[PDB]
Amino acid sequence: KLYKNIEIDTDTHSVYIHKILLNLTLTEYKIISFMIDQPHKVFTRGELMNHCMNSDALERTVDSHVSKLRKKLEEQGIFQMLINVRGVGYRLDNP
């Protein structure tokens, strides 16, 4: 499963940058693997929470998981991914 220099091997559970392997947490893996299906879609915090976490936690906690993932992407020279869409949620890539 591939999108613009980000490869996810689902079996078993590795995410590569074009190949550098990332050290992702389980939550972080779920986020990137969920959003890469529809890269340009805006996912709400509620959707990311239900699909990638665990509560039942705060919506701000979603933001922090996305931040931590983003930092890991930037340290492999991938910037302008995980863009926030103010008041709605997040998007993997904008057209």
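The first residue of the shown sequence is 1; numbering continues from there.
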{"property": "Deposited residues lacking coordinates between residue 64 and residue 65 (none, 1 to 3, 4 to 9, 10 or more)", "result": "none"}
{"property": "Continuity check for residue 71 and residue 72, given as deposited residues lacking coordinates between them", "result": "none"}
{"property": "Higher-scoring stretch by recorded Cα B factor average, 84-92 or 3-11", "result": "3-11"}
{"property": "Ranked against its chain, the third holding the CA B-factor of residue 56", "result": "middle"}
